[PDB]
Structure formats: C-alpha cells, structure tokens
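Remarks on the structure that follows.
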Amino acid sequence: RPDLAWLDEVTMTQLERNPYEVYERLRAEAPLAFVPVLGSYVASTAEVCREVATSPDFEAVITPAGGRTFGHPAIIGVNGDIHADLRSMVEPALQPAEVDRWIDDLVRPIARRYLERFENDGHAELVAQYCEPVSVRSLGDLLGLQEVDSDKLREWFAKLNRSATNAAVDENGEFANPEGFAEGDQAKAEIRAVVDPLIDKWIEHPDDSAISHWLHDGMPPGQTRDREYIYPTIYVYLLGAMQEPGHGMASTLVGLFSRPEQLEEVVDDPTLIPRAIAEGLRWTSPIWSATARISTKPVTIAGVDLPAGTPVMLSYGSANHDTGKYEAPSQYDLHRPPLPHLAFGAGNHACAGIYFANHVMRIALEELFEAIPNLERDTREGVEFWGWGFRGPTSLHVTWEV
Ligand code: HEM
Ligand SMILES: COc1cccc(OC)c1O
C-alpha cells in the first residue's frame, strides 16, 4: 500500500520498546494495516478490533510465533467443537460464584506472605518481589502446581513470552530470529518433566486442583482427556494467565504513581481499587497484541477487501488508546468516566478468567496499601515498559519511610 511505505522501516525493537507512536499513526492512517516486520494485518482502533473479534466471518487463529510456541490445540487458536470442549474444560473454576467461594482465602495469605519478606525494608522492586509472585503463586496453587516455586513459574512465563512474541519476519515472511524459539522449547521440556508425574497421579487420584479437573471433568467413567490434548492450554496458562495479573497490578501502580493525588485517594479509600485497575488495564494493556483472528470468507474491514484466510492481529493495547473514545488516553486518569475497554478482548474468544484476574489484582493491591500506606515511587529509578505482544513495566522501584 503505497502511502504506508513508511511501515517498511518499522522495526521489531521499536515496537517492543514503545509501540505507541507507530500505532498512533496507524489509528489515524490505516486502522487495518499490513505491518511488514510482523508479516500480518494489524487492527489498531477500537472499532476495528471489536469488529474483527466479534465478526461471524472471522474465527480464532494463533499468531505464527504463538503457534510455534504452543502447538495444537491451544485454546486461543482453535474453534468449533474443540474450542467448545476446551472452554467447558477451563470454565468451572473461573465461574464467578465459584471464585467468590475461595478467592479471599487463596490470594490474601499469599499476598501477606510475600509482603512479610520486605514490608519493613523501606525499599522494594515490586515487579519481582510482589506483583509477579502473587500472580503466579495464586494461579499455581489453583492449578495444582503448589510445589513449583514462584521463581520457576516466573521464569517459565518470561521464556514463553519471548518465544510466543518472537514475531519478526524477513522479506520472504520467514521468521527473522529462528533461534528465539529455543528457550520456549526448553521451558516446555522443563514443564513436561514437572507436570507429567502430576498428571500421572491425578489420572489415578483426582483432587480439587484445576488441572485434575481438566483431565476428568465431563469425561465418561474411567477416562481422562489425553495429556497431549490439554498441554497447549496448560502452556497458554503458564504464559498469560501467570503473567498478566502481575503486569496489570504493576501498570496500575505506575499509573497511580504518575498521579500522586490519585494514589492518595485510592490508599485512603480502597473501594476505588477496582476502578484504578480498570483504568490501569486500559492505560497499559497487559495483553497488548498477542491474539489474532482469521477471516473465513472474503470480507471488507476498514475499507480493505480481505480474502478468505487472512489473519488479523488484534492490538488491543492500541485500541485502548483510541482517541475516538478517550480524551488524552496516554495519561493515567482514575477519574476517567468508566467506558468499555478491550483489555480482556471480545467475542467468543474473549478472556475466560476476567473475574478471577480482577480479584487477584484487587486483593494484591488492597494488602499492599494496607501494609505500606506511605508507599512512594523511587524517582531515582526510571520505569521502563517493554513488550509489543505482552506489555508491562520491567521493574517498579519504590521507597517508604521507616
Ligand atoms: C489482568 C489479567 C488478564 C488480562 C488483561 C487478560 C486478557 C486476555 C486477552 C486480551 C485475551 C484474548 C482475548 C481475545 O483474543 O479477544 C485473553 C484470553 C484468555 N484468557 Fe485472559 N487475561 C488476564 C488474566 C487471565 C487469567 C488469570 C486467566 C486464567 C485463570 C485467563 C484465561 C484466559 C483464557 C483461557 C483465554 C483464552 C480464551 C479463548 O481463546 O477462548 N486470563 N485474556
Ligand atoms: C499468546 O499467549 C496468550 C494469549 C492470550 C492469553 C494467554 O493466556 C491467558 C496467552 O498465554
């Protein structure tokens, strides 16, 4: 497309370090645009992302690097009967009435345990010391991975992240960094070595762990889902479900720190924490551009006539800065009027764990502010955000008196 020739010079590193300038141009010039280094059409505005994610003429497809990382059948990448089965598999523990039965007793003691290690230090790096540990320890226990240390869960989601977002392609559409999948493969090998004996045990001795229920739920007597059938969705969990609540917590904190007067409001009135988190997710969406759909027939989107079989990456993080919806979206604003956002996606492949994730982030922030009410950010340190597929702050140094 001739007038978008500047897109030929957009690099993967540029999109990873800060995609917002390129995507501001995309939202104005071409809400649906083919980005050469990603090898795909990308949807950048709220209208186009929502349309593609809910269209009867699109279905789920995994991004190329995500498919290389997860294989088949990843819940995010399949449709029809297989997707219906995988959704029925994961949904029980995520049902709101079910989450409300045990979420407090799950997350609150975990939050306190990680806080107790540093709440009197006067300094902390909250991404590694708090946000990621609470996120992974909560989900890990729910899944049945109690004996997998939070360091290991965090390492796995970091390697899966880099593998599943290893999207750069060369002139011929081939992956430009083929060695970047190796640490994904390696993480998967480690995961198998840990999880295979757990599955062996759960097949014979089911328990209340989520993965045990994934094996057994809805199955004829004496049968379990084959482990090869559920492992790709285990990997989906061990990337985004492990990573995103921690990133959403951390981005919300960075946003609040940028508005000191709003941090103070929320600490004074913790009933504002859900609103603070909702704005945090819009402001820096944890899942920024990690999923996609594929057209199933010829379809016209944003004036582009797409053939059948055309993938479209859903850059929800860009859609959540759509100035057709938001005023000054690059600024964190607790007092933004509550509007729909796309940080959980849309359509039949929208996030299945919204209610759980919101509670994990809420409880974690409640306990943090109770333990450290005079929390401040360490302004001697910069906060850098990283990621195009998944985005969040790489560190969050804080300080407090005493
Ligand atoms: C703040 C934290 C989270 C955010 C921002 C988030 C966001 C998202 C997004 C954007 C998608 C893709 C939706 C689309 O393509 O339209 C997704 C899919 C999904 N998420 Fe969440 N997620 C979070 C946490 C979680 C957690 C903790 C779990 C599990 C306990 C979870 C389970 C899933 C599943 C199973 C899918 C795939 C749904 C499908 O393809 O049918 N998510 N999430
Ligand atoms: C590409 O990987 C993912 C995309 C969307 C959601 C995920 O975990 C919930 C996830 O792991």
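By convention here, the first residue in the shown sequence is residue 1. Start at 1 and go down the list; that is how both ligands and their atoms are numbered.
- Distances from atom 9 (C) of ligand 2 to the heavy atoms of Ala357, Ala241, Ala292, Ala352 show the closest one on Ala241.
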task = Given ring pair (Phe, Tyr, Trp, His ring centres under 6.0 Å), test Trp288 with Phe385 step by step and report yes or no.
result = CA-CA 12 Å; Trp288 210 93; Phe385 286 78; over 10 Å; no

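- A salt bridge links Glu98 to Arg101: one of the charged nitrogens lies within less than 4.0 Å of a carboxylate oxygen.
- The proximity of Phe157 to ligand 2, defined as any non-hydrogen pair under 4.0 Å, does not occur for either the backbone or the side chain.
- Close contacts between ligand 2 and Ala290 involve ligand atoms 1 (C) [criterion: under 4.0 Å to a heavy atom].
- The nearest non-hydrogen atom to atom 8 (O) of ligand 2, considering only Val236, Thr291, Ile75, comes from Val236.
- By the 6.0 Å contact criterion, CD on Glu204 is open, its count of non-hydrogen atoms from other residues, nucleotides or ligands being 12 or less.
- The closest protein non-hydrogen atom to atom 6 (C) of ligand 2 is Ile287 CD1, 3.5 Å.
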message = As a quick check of understanding, evaluate side-chain hydrogen bond (donor to acceptor under 3.5 Å, both in side chains) for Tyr326 and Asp333, giving each step before the final call.
response = CA-CA 11 Å; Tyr326 307 112; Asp333 186 5; over 6 Å; no

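- Ionic pairing of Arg282 and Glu279 is present here: one or more N-O contacts between side-chain nitrogen and carboxylate oxygen are shorter than 4.0 angstrom.
- Residue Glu376 qualifies as open at atom CD: its count of foreign heavy atoms under 6.0 Å is 12 or below.
- A heavy-atom separation below 4.0 Å is not found between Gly66 and ligand 2.
- Nearest protein heavy-atom contact of atom 3 (C) of ligand 1 is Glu244 CB, 3.4 Å.
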key: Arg259/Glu265 under salt bridge (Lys or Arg N to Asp or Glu O under 4.0 Å): CA gap, chis, key distance, verdict   = CA-CA 10 Å; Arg259 310 289 310 273; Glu265 289 187 66; over 6 Å; no

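- Set against the non-hydrogen atoms of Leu239, the atoms of ligand 2 under 4.0 Å away are 2 (O), 11 (O).
- Of the protein's heavy atoms, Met361 CE, 3.4 Å lies nearest to atom 1 (C) of ligand 1.
- Side-chain N or O atoms of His321 include one that pairs as donor or acceptor with a backbone N or O of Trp283 at under 3.5 Å.
- Within the 4.0 Å heavy-atom cutoff, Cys351 counts among the residues contacting ligand 1.
- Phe390 CZ, 3.7 Å is the protein heavy atom nearest to atom 3 (C) of ligand 2.
- Within the cation-pi definition used here (under 6.0 Å to the ring centroid, within 45° of the axis), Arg68 does not qualify as a partner of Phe175.
- The parts of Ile76 lying near ligand 1 are both backbone and side chain, judged by heavy-atom distances below 4.0 Å.
- Distance OG1/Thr63 to CG/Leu38: 10.0 Å, rounded to 0.5 Å.
- Counting heavy atoms closer than 4.0 Å to ligand 2, residue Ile76 contributes side-chain atoms (C-beta onward) but none from N, CA, C or O.
- For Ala53, no heavy-atom contact with ligand 1 is shorter than 4.0 Å.
- Of all protein heavy atoms, the one closest to atom 41 (O) of ligand 1 is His83 NE2, 2.7 Å.
- Checking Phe356, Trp288, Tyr355, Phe344 against atom 6 (C) of ligand 1, the nearest heavy atom belongs to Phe344.
- With a 4.0 Å cut-off on non-hydrogen atoms, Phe70 touches ligand 2 through its side chain and not its backbone.
- Interatomic distance, OG of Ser40 versus CZ of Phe34, reported as 6.5 Å (0.5 Å rounding).
- Under 4.0 angstrom from ligand 2, there are no non-hydrogen atoms of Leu160.
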